[PDB]
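final-v2.pdb, holding PDB, C-alpha atoms:
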ATOM      1  CA  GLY I   1     143.824  10.678 -34.650
ATOM      2  CA  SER I   2     145.830   8.659 -37.145
ATOM      3  CA  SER I   3     148.701   8.822 -39.606
ATOM      4  CA  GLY I   4     151.854  10.781 -38.865
ATOM      5  CA  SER I   5     152.795  14.062 -40.500
ATOM      6  CA  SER I   6     155.088  14.236 -43.506
ATOM      7  CA  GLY I   7     153.908  16.147 -46.552
ATOM      8  CA  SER I   8     150.962  18.255 -47.651
ATOM      9  CA  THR I   9     147.508  17.841 -46.159
ATOM     10  CA  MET I  10     146.387  15.835 -49.166
ATOM     11  CA  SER I  11     147.652  15.274 -52.689
ATOM     12  CA  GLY I  12     146.790  12.601 -55.227
ATOM     13  CA  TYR I  13     145.219  12.045 -58.625
ATOM     14  CA  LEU I  14     141.434  12.056 -58.559
ATOM     15  CA  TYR I  15     138.487  12.063 -60.935
ATOM     16  CA  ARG I  16     136.406  15.199 -61.338
ATOM     17  CA  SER I  17     132.831  15.065 -62.572
ATOM     18  CA  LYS I  18     129.752  17.254 -62.805
ATOM     19  CA  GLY I  19     127.615  14.408 -61.516
ATOM     20  CA  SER I  20     126.654  10.865 -62.437
ATOM     21  CA  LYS I  21     126.592   9.753 -66.055
ATOM     22  CA  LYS I  22     129.210  12.430 -66.605
ATOM     23  CA  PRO I  23     132.744  11.857 -67.905
ATOM     24  CA  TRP I  24     135.466  11.640 -65.284
ATOM     25  CA  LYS I  25     138.528  13.859 -65.456
ATOM     26  CA  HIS I  26     141.938  12.649 -64.342
ATOM     27  CA  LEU I  27     143.643  15.607 -62.707
ATOM     28  CA  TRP I  28     145.983  16.314 -59.817
ATOM     29  CA  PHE I  29     144.807  18.158 -56.729
ATOM     30  CA  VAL I  30     146.406  19.569 -53.602
ATOM     31  CA  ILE I  31     145.297  21.252 -50.398
ATOM     32  CA  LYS I  32     147.246  24.356 -49.455
ATOM     33  CA  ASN I  33     146.304  27.374 -47.374
ATOM     34  CA  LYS I  34     142.961  25.610 -47.172
ATOM     35  CA  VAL I  35     142.641  26.058 -50.918
ATOM     36  CA  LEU I  36     141.877  23.355 -53.455
ATOM     37  CA  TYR I  37     144.383  23.883 -56.242
ATOM     38  CA  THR I  38     144.071  22.217 -59.627
ATOM     39  CA  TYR I  39     146.851  20.496 -61.532
ATOM     40  CA  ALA I  40     147.581  18.028 -64.309
ATOM     41  CA  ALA I  41     150.839  16.319 -63.420
ATOM     42  CA  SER I  42     152.568  15.760 -60.100
ATOM     43  CA  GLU I  43     155.642  17.427 -61.552
ATOM     44  CA  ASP I  44     153.618  20.367 -62.810
ATOM     45  CA  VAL I  45     155.105  23.830 -63.157
ATOM     46  CA  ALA I  46     151.958  25.668 -62.138
ATOM     47  CA  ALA I  47     148.446  24.885 -60.962
ATOM     48  CA  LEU I  48     145.818  24.892 -63.686
ATOM     49  CA  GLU I  49     143.346  26.544 -61.344
ATOM     50  CA  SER I  50     142.922  27.623 -57.740
ATOM     51  CA  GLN I  51     139.800  27.573 -55.599
ATOM     52  CA  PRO I  52     139.580  28.325 -51.870
ATOM     53  CA  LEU I  53     137.537  26.040 -49.648
ATOM     54  CA  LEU I  54     136.102  29.072 -47.894
ATOM     55  CA  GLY I  55     132.359  28.569 -47.642
ATOM     56  CA  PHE I  56     132.488  25.352 -49.632
ATOM     57  CA  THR I  57     131.330  21.986 -48.344
ATOM     58  CA  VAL I  58     131.752  18.259 -48.850
ATOM     59  CA  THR I  59     129.642  15.137 -48.506
ATOM     60  CA  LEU I  60     129.645  11.445 -49.342
ATOM     61  CA  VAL I  61     127.756  10.309 -52.419
ATOM     62  CA  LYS I  62     126.252   6.906 -53.107
ATOM     63  CA  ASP I  63     127.396   6.969 -56.715
ATOM     64  CA  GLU I  64     127.192   3.917 -58.945
ATOM     65  CA  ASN I  65     130.859   3.178 -59.520
ATOM     66  CA  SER I  66     131.707   3.386 -55.837
ATOM     67  CA  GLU I  67     129.699   3.118 -52.640
ATOM     68  CA  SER I  68     131.781   5.287 -50.341
ATOM     69  CA  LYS I  69     134.973   5.997 -52.246
ATOM     70  CA  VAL I  70     133.648   9.051 -54.048
ATOM     71  CA  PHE I  71     132.494  12.378 -52.660
ATOM     72  CA  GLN I  72     131.062  15.650 -53.912
ATOM     73  CA  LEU I  73     132.218  19.225 -53.457
ATOM     74  CA  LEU I  74     129.221  21.234 -52.314
ATOM     75  CA  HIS I  75     129.242  25.011 -52.559
ATOM     76  CA  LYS I  76     126.621  26.827 -50.519
ATOM     77  CA  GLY I  77     124.618  23.619 -50.675
ATOM     78  CA  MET I  78     124.877  22.861 -54.374
ATOM     79  CA  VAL I  79     127.242  20.265 -55.786
ATOM     80  CA  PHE I  80     130.153  21.970 -57.500
ATOM     81  CA  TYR I  81     131.999  18.880 -58.671
ATOM     82  CA  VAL I  82     132.435  15.178 -58.010
ATOM     83  CA  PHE I  83     135.578  13.469 -56.774
ATOM     84  CA  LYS I  84     136.592   9.830 -56.546
ATOM     85  CA  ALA I  85     139.242   8.637 -54.121
ATOM     86  CA  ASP I  86     141.466   5.593 -54.469
ATOM     87  CA  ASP I  87     139.979   3.572 -51.635
ATOM     88  CA  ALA I  88     137.474   4.256 -48.881
ATOM     89  CA  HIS I  89     140.237   5.155 -46.456
ATOM     90  CA  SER I  90     141.433   7.812 -48.872
ATOM     91  CA  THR I  91     137.959   9.182 -49.492
ATOM     92  CA  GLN I  92     137.531   9.778 -45.779
ATOM     93  CA  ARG I  93     140.832  11.628 -45.780
ATOM     94  CA  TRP I  94     139.896  13.848 -48.698
ATOM     95  CA  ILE I  95     136.483  14.243 -47.113
ATOM     96  CA  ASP I  96     137.699  15.258 -43.675
ATOM     97  CA  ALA I  97     140.433  17.098 -45.536
ATOM     98  CA  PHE I  98     137.769  19.082 -47.353
ATOM     99  CA  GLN I  99     135.599  19.305 -44.259
ATOM    100  CA  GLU I 100     138.349  20.560 -41.983
ATOM    101  CA  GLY I 101     139.165  22.975 -44.782
ATOM    102  CA  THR I 102     135.905  24.898 -44.776
ATOM    103  CA  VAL I 103     135.801  24.863 -40.994
ATOM    104  CA  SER I 104     138.500  25.779 -38.504
ATOM    105  CA  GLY I 105     138.227  22.867 -36.102
ATOM    106  CA  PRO I 106     135.907  22.157 -33.165
ATOM    107  CA  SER I 107     135.996  23.859 -29.786
ATOM    108  CA  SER I 108     138.909  22.700 -27.666
ATOM    109  CA  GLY I 109     140.357  23.858 -24.367
TER     110      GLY I 109
END
Could you express the structure from this file as structure tokens?
Amino acid sequence: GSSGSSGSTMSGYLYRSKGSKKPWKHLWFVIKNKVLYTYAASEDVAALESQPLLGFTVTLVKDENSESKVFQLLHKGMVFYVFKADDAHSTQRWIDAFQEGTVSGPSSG
């Protein structure tokens, strides 16, 4: 329960990695139709890749660079790729953004 609503679920440059000690990758990402699309530039003409968050998972990682500003994209239980967010606040967003992506929301009403 925070932030208004004006734009896509989440969109911002992040750093992809296959784990620690691995080289980061500056790429653009977006969340649409509950799918994690890949990009290169904000003003891109087409997504580099597209991967649905159906069955996937997310979790916070200790990491060395950050303490709680970087997460990992789990898939079936195994880490698919790493992701670093600007600040902690952001991370949480991406996290919940990735968490609420695989799920469909809790039971209400």
### Task
Could you tell me which residues the PyMOL selection byres ((chain I and resi 1-13) around 12) grabs in this file, written as number ranges by chain?
I: 14-16, 24-43, 83-87, 89-98, 100-101
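Distances from I:20, I:104, I:109, I:72 to residue 59 in chain I were compared using only C-alpha atoms, and the smallest one belongs to I:72.
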### Message
What would the selection look like, as a PyMOL selection string, if the PyMOL selection byres ((chain I and resi 54) around 9) were run on the coordinates I just shared?
### Response
chain I and resi 34-35+51-53+55-57+101-103
Box time for range 96-101 of chain I: axis-aligned, enclosing all its listed atoms, 3 Å extra on each side; report centre and edge lengths in Å to one decimal, as lines of an AutoDock Vina configuration file.
center_x = 138.0
center_y = 19.1
center_z = -44.7
size_x = 10.8
size_y = 13.7
size_z = 11.4
#### Entry: Point-to-point distance in Å for CA of residue 73 in chain I and CA of residue 19 in chain I
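It comes out at 10.5 Å.
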### Message
Restricting the calculation to all atoms listed in the file: of I:44, I:49, I:82, I:99, which residue gets closest to residue 63 in chain I?
### Response
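Of the candidates, the smallest distance to residue 63 in chain I is held by I:82.
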#### Entry: Straight-line distance linking CA of residue 78 in chain I with CA of residue 21 in chain I, stated in Å to one decimal
17.6 Å
### Query
Just how far from CA of residue 17 in chain I is CA of residue 47 in chain I, in Å to one decimal?
18.5 Å
### Counting all atoms listed in the file, the residue of I:69, I:48, I:61, I:105 that sits nearest residue 81 in chain I
I:61
Rebuild range 2-23 of chain I so that it carries N, CA, C and O atoms, then output the result as a compact mmCIF listing (two decimals), keeping the file's coordinate frame.
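Output saved as selection.txt:
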# COMPACT_ATOMS: atom_id res chain seq x y z
N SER I 2 145.17 9.72 -36.41
CA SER I 2 145.83 8.66 -37.15
C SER I 2 146.82 9.26 -38.14
O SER I 2 146.78 10.45 -38.43
N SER I 3 147.70 8.40 -38.65
CA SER I 3 148.70 8.82 -39.61
C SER I 3 149.61 9.88 -38.98
O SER I 3 149.17 10.68 -38.16
N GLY I 4 150.87 9.84 -39.38
CA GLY I 4 151.85 10.78 -38.86
C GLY I 4 151.68 12.16 -39.51
O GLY I 4 150.56 12.64 -39.66
N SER I 5 152.81 12.75 -39.87
CA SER I 5 152.79 14.06 -40.50
C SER I 5 154.08 14.27 -41.31
O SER I 5 155.12 14.59 -40.75
N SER I 6 153.95 14.08 -42.61
CA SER I 6 155.09 14.24 -43.51
C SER I 6 154.60 14.49 -44.93
O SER I 6 154.45 13.55 -45.72
N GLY I 7 154.37 15.76 -45.23
CA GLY I 7 153.91 16.15 -46.55
C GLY I 7 152.73 17.12 -46.45
O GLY I 7 152.43 17.63 -45.38
N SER I 8 152.10 17.35 -47.59
CA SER I 8 150.96 18.26 -47.65
C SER I 8 149.71 17.56 -47.12
O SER I 8 149.64 16.33 -47.11
N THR I 9 148.75 18.37 -46.69
CA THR I 9 147.51 17.84 -46.16
C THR I 9 147.04 16.64 -46.98
O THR I 9 146.89 15.54 -46.45
N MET I 10 146.83 16.88 -48.27
CA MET I 10 146.39 15.84 -49.17
C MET I 10 146.78 16.15 -50.61
O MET I 10 146.65 17.29 -51.06
N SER I 11 147.24 15.12 -51.30
CA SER I 11 147.65 15.27 -52.69
C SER I 11 147.65 13.91 -53.39
O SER I 11 148.34 12.99 -52.95
N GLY I 12 146.88 13.83 -54.46
CA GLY I 12 146.79 12.60 -55.23
C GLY I 12 145.80 12.75 -56.39
O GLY I 12 144.84 13.51 -56.29
N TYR I 13 146.07 12.01 -57.45
CA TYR I 13 145.22 12.04 -58.62
C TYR I 13 143.79 11.60 -58.28
O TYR I 13 143.60 10.62 -57.57
N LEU I 14 142.83 12.36 -58.80
CA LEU I 14 141.43 12.06 -58.56
C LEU I 14 140.65 12.23 -59.86
O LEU I 14 141.21 12.60 -60.89
N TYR I 15 139.36 11.94 -59.78
CA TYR I 15 138.49 12.06 -60.94
C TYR I 15 137.37 13.08 -60.68
O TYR I 15 136.53 12.88 -59.81
N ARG I 16 137.40 14.15 -61.47
CA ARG I 16 136.41 15.20 -61.34
C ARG I 16 135.23 14.93 -62.27
O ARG I 16 135.41 14.43 -63.38
N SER I 17 134.04 15.27 -61.79
CA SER I 17 132.83 15.06 -62.57
C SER I 17 131.77 16.08 -62.16
O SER I 17 131.81 16.62 -61.05
N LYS I 18 130.83 16.31 -63.06
CA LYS I 18 129.75 17.25 -62.80
C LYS I 18 128.50 16.49 -62.38
O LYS I 18 127.39 17.01 -62.46
N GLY I 19 128.71 15.25 -61.95
CA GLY I 19 127.62 14.41 -61.52
C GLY I 19 127.73 13.00 -62.11
O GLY I 19 128.75 12.67 -62.71
N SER I 20 126.68 12.22 -61.93
CA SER I 20 126.65 10.86 -62.44
C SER I 20 126.32 10.87 -63.93
O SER I 20 125.62 11.77 -64.41
N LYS I 21 126.83 9.87 -64.63
CA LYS I 21 126.59 9.75 -66.06
C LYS I 21 127.50 10.73 -66.80
O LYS I 21 127.48 10.79 -68.03
N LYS I 22 128.29 11.46 -66.03
CA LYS I 22 129.21 12.43 -66.60
C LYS I 22 130.60 11.80 -66.73
O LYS I 22 130.92 10.86 -66.01
N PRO I 23 131.40 12.36 -67.68
CA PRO I 23 132.74 11.86 -67.90
C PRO I 23 133.69 12.30 -66.79
O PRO I 23 133.66 13.45 -66.37
